[PDB]
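Chemist: There's a structure below that I have some questions on.
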Amino acid sequence: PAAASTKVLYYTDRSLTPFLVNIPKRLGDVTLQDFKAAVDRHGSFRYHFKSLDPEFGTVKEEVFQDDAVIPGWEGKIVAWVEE
């Protein structure tokens, strides 16, 4: 009966070292607004997520809408947060 959880790694322009945070939701249910809340960083950002495209393989996909579902990579989320 354990609560849902997704491991989230994200890179910012400032740091060469990525940040690690956990979101209390199942991958597939996690939305951009969930991700933004975990990051909790004000400013004008773009958000790219590591994803598997069926034609091109590993890609970075951008997500715009707050209610939009975040793609995962090997059951986790790997993200780039760019100012």
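A quick note on method: Cβ atoms are made from the backbone with ideal geometry, for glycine too, and the neighbour counts reach across all protein chains shown. No lab work stands behind these numbers, since they all come straight from the coordinates.
Chemist: Which members of region 19-31 meet the condition of being in contact (Cβ under 8 Å) with a residue 24 or more places away in the chain and either loosely packed, with under 14 Cβ neighbours inside 10 Å or farther than 20 Å from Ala3 by Cα (or both)? Steps first, answer last, please.
Modeler: Here is the first cut: in region 19-31, the ones in contact (Cβ under 8 Å) with a residue 24 or more places away in the chain are 23, 27-31.
The answer is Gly28, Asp29.
Chemist: What tally of residues in region 2-18 results from selecting those that are in a loop (DSSP other than H, G, I, E, B) and either touching a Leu at 6+ places or on another chain (Cβ under 9 Å) or free of Cβ contacts under 8 Å to residues at least 24 places away in the same chain (or both)? So that I can check it myself, show each step before the final result.
Modeler: So in region 2-18, the residues in a loop (DSSP other than H, G, I, E, B) come out as 2-5, 13-18.
Right, trim to either touching a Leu at 6+ places or on another chain (Cβ under 9 Å) or free of Cβ contacts under 8 Å to residues at least 24 places away in the same chain (or both) and you get 2-5, 14-18.
Going through region 2-18 one residue at a time, the tally reaches 9.
Chemist: Let me ask something else about it. What residue, of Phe64, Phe49, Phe56, is among the hydrophobic types (A, V, I, L, M, F, W, C), surrounded by 10 or more Cβ atoms within 10 Å (Cβ to Cβ) and free of Cβ contacts under 8 Å to residues at least 60 places away in the same chain?
Modeler: Numbers: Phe64 fails: surrounded by 10 or more Cβ atoms within 10 Å (Cβ to Cβ); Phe56 fails: surrounded by 10 or more Cβ atoms within 10 Å (Cβ to Cβ).
On inspection, the qualifying residue turns out to be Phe49.
Chemist: Separate question: Residues of region 1-18 being of a type outside the set (A, V, I, L, M) and either farther than 12 Å from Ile77 by Cβ or within 11 Å of the chain's Cα centre (by Cα) (or both), which ones?
Modeler: Step one: of region 1-18, the residues of a type outside the set (A, V, I, L, M) are 1, 5-7, 10-15, 17-18.
Passing the criteria: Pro1, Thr6, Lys7, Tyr10, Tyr11, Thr12, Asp13, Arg14, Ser15, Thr17.
Chemist: Among the residues of region 43-83, write down those that are over 17 Å from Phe19 (Cβ atoms) and among the aromatic types (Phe, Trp, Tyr).
Modeler: Hits for region 43-83 are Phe56, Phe64.
Chemist: Between a residue in region 67-83 that is at positive phi and any residue that is of a type outside the set (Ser, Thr, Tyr), which pairs come within a Cβ distance under 7 Å, given they are 6 or more apart or on different chains?
Modeler: From region 67-83, the pairs are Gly75/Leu27.
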